[PDB]
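Asks: structure of the sequence below:
(one chain, ligands or ions: 3)
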Amino acid sequence: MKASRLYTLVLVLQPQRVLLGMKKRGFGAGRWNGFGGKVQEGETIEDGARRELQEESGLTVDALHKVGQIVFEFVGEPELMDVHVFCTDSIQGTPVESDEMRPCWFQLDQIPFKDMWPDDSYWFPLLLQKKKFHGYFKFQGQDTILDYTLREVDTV
Ligand SMILES: Nc1[nH]c(=O)nc2c1ncn2[C@H]1C[C@H](O)[C@@H](COP(=O)(O)OP(=O)(O)OP(=O)(O)O)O1
Ligand code: NA
Ligand code: NA
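Replies: Numbering: from 1, shown residues only. Ligands and ions are numbered 1, 2, ... in the order given. The protein structure is shown below:
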């Protein structure tokens, strides 16, 4: 059995567009992603997702709704990433570029799948259909899925 670390991922999804963030530096730059990071001690996962959204994008929201959970496993890494996925209820401000991340809106017929994590091609369509899901993806490096599961669920 492995240990898992908790992470969040927030999709700012509006009726016709979605906000994504492009990684500018570090390792993994060039890829568009939702907003999130590691859950911290003592906060609920949802509150951690809100905190990370604000830190990462500048957007503040009072509430999210949970839409999925995805476990990532990487060859050579014993720790699993347990990612809790949320969508925004409403927003009321503008996103901000940081030294690390550039936010950009995409129309929902221009979702930039080829420049997103490969798993997003599988689960983000469910998110657009307002379905809930559980997933698991095993990666070799950043680009190659060796095994995965995806299932629609009634409760995340
Ligand atoms: N395969 C994948 N598909 C996806 O859509 N999002 C992924 C992903 N793999 C990781 N992510 C997301 C999850 C989370 O929002 C983020 C990873 O969090 P980070 O490690 O950057 O967190 P922190 O910024 O809290 O970490 P520190 O560097 O310790 O400050 O990237
Ligand atoms: Na963090
Ligand atoms: Na980060």
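
Asks: mind listing the strands for the chain?
Replies: 4-13, 17-23, 32-33, 64-74, 80-88, 101-107, 132-140, 144-153 (DSSP state E).

Asks: which strands or helices does the fifth one pack on?
Replies: I take that to be strand 80-88. strand 4-13, helix 45-57, strand 64-74, helix 120-128 (3 or more Cβ pairs under 8 Å, 6 or more residues apart in numbering; DSSP states H and E). The C-beta positions use only the backbone N, C-alpha and C, and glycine is treated the same way.

Asks: mind doing that once more with 10 Å?
Replies: Applying 3 or more Cβ pairs under 10 Å, 6 or more residues apart in numbering; DSSP states H and E, one finds that strand 80-88 makes contact with strand 4-13, helix 45-57, strand 64-74, helix 120-128, strand 132-140.

Asks: a markdown table for these, including distance to residue 113 and mean neighbour count?
Replies: Shown next, in a markdown table, are these (distance: least, Cβ to Cβ, whole Å; neighbours: other Cβ atoms under 10 Å):
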| stretch | distance to residue 113 | mean neighbour count |
| --- | --- | --- |
| strand 4-13 | 14 | 20 |
| helix 45-57 | 20 | 20 |
| strand 64-74 | 16 | 19 |
| helix 120-128 | 5 | 17 |
| strand 132-140 | 15 | 18 |
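
Asks: how close does the residue in the chain positioned nearest to ligand 2 get to ligand 1?
Replies: Closest approach between the chain and ligand 2, counting by Cβ to the ion: residue 37, at 3.4 Å. For residue 37, the distance to ligand 1 equals 3 Å [Cβ to the nearest ligand atom, to the nearest Å].
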